[PDB]
């Protein structure tokens, strides 16, 4: 039987908060079967829990967050959420003593190492997958995102960004998902933005933790980071990283084929909600024998 996963032990790391520029301590905890992914703020008293749920996500001008009934938020969950999906972590409590997840290097890779430190523990309860049964498409002008039935998990993503540092040959990326492929191909791909935008935000007291150390920073013409890009198509790899995190907000790995053209956090969430809202488009499946598990979701 394919089992749900949590962590073996509690682990802690400290990083910089993108928004405040202050040190944030992140604690990852094992959790019981079926409890899912829970983000928790422990700066607040009492602490506030935000269960990961497609309906609780909000997108801002800067990042994604989860909100509670009172619109209290926890922010910058996008890249850690992608790492959870990548390693198939079903149940976990994620604490920060601050209003935001640390930005790390702008990618998901530092979170992967932290999760490896915590270890994986298999629980005695079947892991539930969401199987796509019908085609579902959502649109935003000329932008769109789609799920189709497919016995596996594939992503095919065309980026919305247009810049001299992005050739036409580097605007699309497609992959067959797996833990190893996520780690090797996607996890290290950084977020990105304009120097003038970062300077401007910082002049307004925002994004104080923003720097070359946590993003690809471009001007109108070129990548400014002295070491350049980690991949010739790093921008679109990062957008696939984001998509993997967006889709995992339902708390289940999905068996189907994902295709997107100029999508992003908002449209990816719209697709996820559209699927879950249409009863006949999907079903929960479990695997009592490891054989019939799509290759996509094998052990790391």
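Rigid core (definition): largest C-alpha set, two forms, superposition within 1.5 Å. Residue numbers count along the first chain shown, from 1.
Divergent stretch in 5 other deposited structures of this protein, 287-295 or 10-18 [C-alpha RMS, superposed by the core] | Checking 10-18 against 287-295 in 5 other deposited structures of this protein, I find the farther stretch is 287-295.
Consider 115-123 and 153-161 separately and indicate which one has Cα atoms farther, on average, from the shown form in 5 other deposited structures of this protein after rigid core alignment.
-> Most displaced of the pair in 5 other deposited structures of this protein: 153-161.
Which of 146-154 and 75-83 has higher mean CA B factor, as the PDB entry lists it | Between 75-83 and 146-154, it is 146-154.
Take the C-alpha B-factors listed in the entry for 55-63 and for 32-40, compute each mean, and give the stretch with the larger one.
-> The entry gives the higher C-alpha B-factor average to 55-63.
Determine which member of 123, 208, 89, 93 has the highest CA B-factor, using the values in the deposited entry.
-> Top of the list by C-alpha B-factor: 123.
Out of 102, 193, 141, 110, which residue has the highest Cα temperature factor in the PDB record?
-> Spelled out: the listed residue with the top C-alpha B-factor is 141.
Name the third of the chain's ranked CA B-factors that contains residue 187, choosing lowest, middle or highest.
-> Lowest third - that is where residue 187 ends up once the chain's C-alpha B-factors are sorted.
In terms of the CA temperature factor given in the entry, to which third of its chain does residue 246 belong: lowest, middle or highest?
-> Its C-alpha B-factor belongs to the lowest third of this chain's values.
Sorting the chain's modelled residues by C-alpha B-factor, tell me whether residue 231 ends up in the lowest, middle or highest third.
-> For residue 231, whose C-alpha B-factor we compare with every modelled residue in the chain, the answer is the middle third.
C-alpha B factor of residue 261, ranked within the chain: lowest, middle or highest third?
-> Highest third - that is where residue 261 ends up once the chain's C-alpha B-factors are sorted.
Assigned third (lowest, middle, highest) for the C-alpha B factor of residue 116 | Middle third.
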